[PDB]
C-alpha cells in the first residue's frame, strides 16, 4: 500500500504535514512486537546459569551486590507488598534495562562498519530488546507518574550506567552480556513474586484498565488484567535472560563473529 515514491523523494521537507498526523499509540514502536500466549508463558519459571570463570563471577557478584543495595535502600523489604511500591520499582529499574541493548547494538554496528564485515543478525536483536524494555518504561509511566526526586536520580543513574555499560562492553562484551543474563534472572524473580502475590490475594490489583500502549504492543484483548500485563513483561525477561546468556557463552567460545542463533525463530 505505502505511497512513498519519487515525487515524495524530491520534496524538500514534510514539515507541513506534521500538524495533521494522529498520535496513534502503535507508532511508539516498530512492528517487531512480541507475541505471547497467556496460558503458555503462565508456566515461565526461575532459572539460574552457573558462572564459568572469573568474569562470569565478577558479573554475578555485581548483580547480587546491586540487588541487595537496591532492595534495602528502596525499602522493598519490610512493609507489605503494595501496588505503589511494585510499579515505582519497575518504573525506576526499567529506565536502566533499556541501556544495554543500545550499547551492544550500537558498538557491534560500529564494528561492522570499520572492518566492513557482516554482523549476522546480532544488531537487530539487541535494539528490539532496548526498544522492548523502553516499552516497559512507557507502560509503567501510564501507571505511576513519578515526582522530582525520583526523576533526578533516574538521570544520574543513566549517566553512571551509560558510562559503565559502554566501557564494560568495549573491554568485555562477554561481561556485559553475562551481566544482563543475571540482571534478567532477578527480573524474572521479582515479577513471578508479583503474580504469586496477586494469586494469594496479598496484593489484589487496582490498575486493571491496562494502558492502550500495552494493549497494542502485546495484542491484549480489552478484558486483560494487571496480572496478565505483568506476566507478559516477565516473559519478555526470560527471553532476554537466554539471549544475553547465549550471547555471553558465544563469546566465551570465540563465536562473536558467528550467526545469531535466534534469527531462526522468526
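Just so we're on the same page, rigid core means the largest C-alpha set that superposes within 1.5 Å between forms. Positions refer to the first chain, counted from 1.
Student: Stretch 74-82 versus stretch 154-162: after rigid core alignment, which one is farther off in C-alpha RMS in 7 other deposited structures of this protein?
Tutor: Result of the core-fitted comparison in 7 other deposited structures of this protein: 74-82 deviates more.
Student: In the PDB record, does 198-206 or 39-47 carry the higher mean Cα temperature factor?
Tutor: Averaging CA B-factors over each stretch, the winner is 198-206.
Student: Do the C-alpha atoms of 175-183 or of 155-163 have the higher average B factor in the entry?
Tutor: Comparing 155-163 with 175-183, the higher mean C-alpha B-factor belongs to 155-163.
Student: Among 89, 77, 134, 108, which residue carries the highest C-alpha B-factor recorded in the PDB entry?
Tutor: Spelled out: the listed residue with the top C-alpha B-factor is 77.
Student: How does residue 219 rank on Cα B-factor within its chain, lowest, middle or highest third?
Tutor: Highest third, going by the recorded CA B-factors of the chain.
Student: If you rank every modelled residue in this chain by C-alpha B factor, which third holds residue 81: lowest, middle or highest?
Tutor: For residue 81, the deposited C-alpha B-factor lands in the highest third.
Student: Among the modelled residues of this chain, does the Cα B factor of residue 13 put it in the lowest, middle or highest third?
Tutor: It belongs to the middle third of the chain when residues are ordered by C-alpha B-factor.
Student: Per the entry's values, where does residue 225 land by CA temperature factor relative to the rest of its chain, in the lowest, middle or highest third?
Tutor: Answer is middle: the recorded C-alpha B-factor places it there.
Student: Would you mind checking where the Cα B-factor of residue 72 ranks among the modelled residues of its chain, as the lowest, middle or highest third?
Tutor: Top third by C-alpha B-factor.
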